[PDB]
Protein chains: 2
Amino acid sequence: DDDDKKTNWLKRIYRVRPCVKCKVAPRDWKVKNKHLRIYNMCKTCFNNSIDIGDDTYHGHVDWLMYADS
Amino acid sequence: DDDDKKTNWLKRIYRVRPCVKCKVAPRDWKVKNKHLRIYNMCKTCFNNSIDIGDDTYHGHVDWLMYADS
Ligand SMILES: Nc1ncnc2c1ncn2[C@@H]1O[C@H](COP(=O)(O)OP(=O)(O)O)[C@@H](O)[C@H]1O
Ligand SMILES: Nc1ncnc2c1ncn2[C@@H]1O[C@H](COP(=O)(O)OP(=O)(O)O)[C@@H](O)[C@H]1O
Ligand SMILES: [Cl-]
Ligand SMILES: [Zn+2]
Ligand SMILES: [Zn+2]
């Protein structure tokens with residue numbers, strides 16, 4: 001079933017690319033209608049970057065959660 | 001830049017999962033507004049399946065080509 005191909009790719013995408021800043025924790029994310037937004041950083045590193053005033057790694061990639069648009 | 005993360009993931013997704021039927025040729029695809037549709041089969045296997053009357057592997061997965069929806 002094609003929705004499972006999409007789902008399994010998303011599970012994999014989320015798993016193999018950890019937080020861009022600390023490289024170990026997995027990334028923060030949220031569900032955004034029919035998209036999954038994967039933020040570049042875990043929450044700890046995100047809150048940290050506000051504290052240290054660095055916005056270099058701020059960002060996200062949205063992913064349609066279904067096989068068919 | 002976040003659009004490049006999306007693009008590089010798509011280049012990889014397309015590269016490591018070949019046609020579901022013959023497992024060697026890369027898949028057919030088309031550009032569909034702001035989505036990239038990756039069909040489950042290469043064209044040769046798709047046209048073949050119509051000939052042999054098998055629709056088991058028919059299908060596709062659409063991918064938003066941008067980082068931000
Ligand atoms: N964990 C995180 N890592 C990196 N960037 C983040 C993180 N959380 C939020 N951001 C960034 O902060 C901004 C606000 O995000 P968000 O709340 O998703 O926007 P919206 O207001 O459209 O819902 C965006 O630039 C987002 O990329
Ligand atoms: N190379 C292929 N491999 C597998 N399935 C395919 C292939 N080409 C077309 N199909 C299937 O045939 C049907 C028609 O596809 P398409 O032309 O993308 O639909 P639309 O008419 O919405 O543009 C869909 O079920 C699609 O998945
Ligand atoms: Cl996508
Ligand atoms: Zn982190
Ligand atoms: Zn094939």
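All values below were derived from every heavy atom in this structure, side-chain atoms included, with hydrogens, water molecules and symmetry-related copies excluded. Lettering of chains follows the sequences in order, A, B, ..., and the numbering in each one begins at 1.
To the nearest 0.5 Å, the span separating CH2 on B/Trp63 from CD1 on B/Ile13 amounts to 3.5 Å. To the nearest 0.5 Å, the span separating SG on B/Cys42 from CG on B/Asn47 amounts to 9.0 Å. Taking NZ from A/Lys5 and CZ from B/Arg17, the interatomic distance works out to 8.5 Å, rounded to the nearest 0.5 Å. Atom-to-atom distance recorded for A/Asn40:CG and A/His58:NE2 is 9.5 Å, nearest 0.5 angstrom. For the atom pair CG (B/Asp4) and NZ (B/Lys11), the distance works out to 10.0 Å, reported to the nearest 0.5 Å. With values rounded to the nearest 0.5 angstrom, B/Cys19 atom SG is found 12.5 Å from B/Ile38 atom CD1.
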Item to check | A/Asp3/A/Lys6 under salt bridge (charged side-chain N to carboxylate O under 4.0 Å, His left out): CA gap, chis, key distance, verdict | outcome: CA-CA 5 Å; A/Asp3 283 341; A/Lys6 167 62 58 86; over 6 Å; no

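The shortest distance between side-chain heavy atoms of B/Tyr66 and B/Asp68 does not fall below 4.5 Å. Side chains of A/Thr7 and A/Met65 form no contact here, defined as non-hydrogen atoms less than 4.5 Å apart. For the pair B/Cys45/B/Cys22, a side-chain contact is recorded, criterion being any heavy-atom separation below 4.5 Å from C-beta on. Side-chain contact between A/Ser49 and A/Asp55: absent, with no pair of heavy atoms (C-beta onward) separated by less than 4.5 Å. Between B/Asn8 and B/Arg12, every side-chain heavy-atom pair lies at or beyond the 4.5 Å cut-off.
Counting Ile, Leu, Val, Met, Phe, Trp and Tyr side chains that sit under 4.5 Å apart, directly or through other members, A/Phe46 shares a hydrophobic cluster with A/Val20, A/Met41, A/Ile50, A/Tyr57.
For A/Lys43, the salt bridge (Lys or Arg N to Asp or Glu O under 4.0 Å) partners two or more places apart in sequence, or in a different chain, are A/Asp28.
A/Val24 and A/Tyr14 are not part of a single hydrophobic cluster, where members link through side-chain heavy atoms under 4.5 Å apart. Each of B/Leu36 and B/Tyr39 belongs to its own hydrophobic cluster when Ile, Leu, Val, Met, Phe, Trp and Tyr are linked at side-chain heavy-atom distances under 4.5 angstrom.
Few gaps surround CH2 on A/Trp9; more than 12 heavy atoms of other groups in view lie less than 6.0 Å from it.
The side-chain hydrogen bond (donor to acceptor under 3.5 Å, both in side chains) test with A/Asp62 singles out one residue from A/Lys34, A/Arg37, A/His35, and that residue is A/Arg37.
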